[PDB]
């Protein structure tokens, strides 16, 4: 309560040390240099660092050796390959010559047909936090003989004895520095997210104390601000009717009309999010999505057209879902005439656009402010 201003000065100093300095590049370039040196010292032809996108269940390479020292991004399902084995069970996997005689290599053999790279031997290592969380998977490919002709083909340059126990321990000279880059950035992301959530709650307290508006009008202001920042045509807060197992809301049209909408939980994108507690971001054109039947019927009834949609859950203090926000129709940049319902179901060019991952992160502060208001506005009014 009494440290806000001082902590804001600390935030400003954090911005001074990071803003405009190209830290994504500094961090990625250093990671690349470490990986190169790690591979050189362990005698690997190629060295890859995989990260885990747990939202999409995929391992993707933040650093990965390519042909002619120009690198590409490898992306696989998090359960597949030796990389997936290391991600799941968090053991070192050492594959001796020849990897292709191992039945675990089937996935890799299919990927070779595309990449043109041939893996004979491998050392794959989990990078773990102190708690044992997966930070990354480091994969070293094709142990090399220390001396080969400079024009030698891969099959002649490989060392049939593969990677050794001494190589695995040598990797520990580098492991801490790799962890530092990956863990420092991750920790920055999480702290920034928790800081934002806390700030959004504080801002909601300020709104409720200073306003002489209803709950209804306070929630409208939050959704209208969200809509403006994200360049959405409309926005909506759906509330739960627990008794009937339904969502409801009151929309306002281009007319001067107040219409109530009601959808069963489980039906439509709002209903799906209410049932699952998990966001959905539906890109243009929403009408091509297999779950769009509900939108099609409501659009025709309202003289509107839903083309893109960001649907996110709103929670309690104790993880109970109490609402669902929607941003409706990311606006394409430019000037266009208003939508005319006589053209249905044709999508107007003005809504040929989609919400992205940035819109999702920026919307979260508005979701939190809505939730705080729903839970606390009645007590705040009494006071």
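Positions refer to the first chain, counted from 1.
Chemist: Identify the stretch, either 80-88 or 204-212, whose C-alpha atoms have the larger mean B-factor according to the entry.
Modeler: It is 204-212 that shows the higher mean C-alpha B-factor.
Chemist: Output the stretch having the higher mean C-alpha B factor in the entry; the candidates are 327-335 and 343-351.
Modeler: According to the entry, 343-351 carries the higher average C-alpha B-factor.
Chemist: Looking at 95, 134, 219, 295, which has the highest CA B-factor as recorded?
Modeler: Comparing C-alpha B-factors across 95, 134, 219, 295, the top value belongs to 219.
Chemist: From the list 285, 233, 225, 241, select the residue with the highest C-alpha B factor recorded in the entry.
Modeler: Highest C-alpha B-factor among the listed options: 241.
Chemist: Is the Cα B-factor recorded for residue 313 in the lowest, middle or highest third of its chain?
Modeler: According to the entry, residue 313 has a C-alpha B-factor in the chain's lowest third.
Chemist: Splitting the chain's C-alpha B-factors into thirds, which one does residue 270 fall into?
Modeler: Tercile = lowest for this residue's CA B-factor.
Chemist: Could you place residue 358 in the lowest, middle or highest third of its chain by Cα temperature factor, using the values in the record?
Modeler: Highest third, going by the recorded CA B-factors of the chain.
Chemist: Of the three thirds of its chain by CA temperature factor, lowest, middle or highest, which one includes residue 153?
Modeler: For residue 153, whose C-alpha B-factor we compare with every modelled residue in the chain, the answer is the highest third.
Chemist: Based on the deposited C-alpha B factors for this chain, I'd like to know if residue 138 is in the lowest, middle or highest third.
Modeler: Residue 138: CA B-factor falls in the lowest third of its chain.
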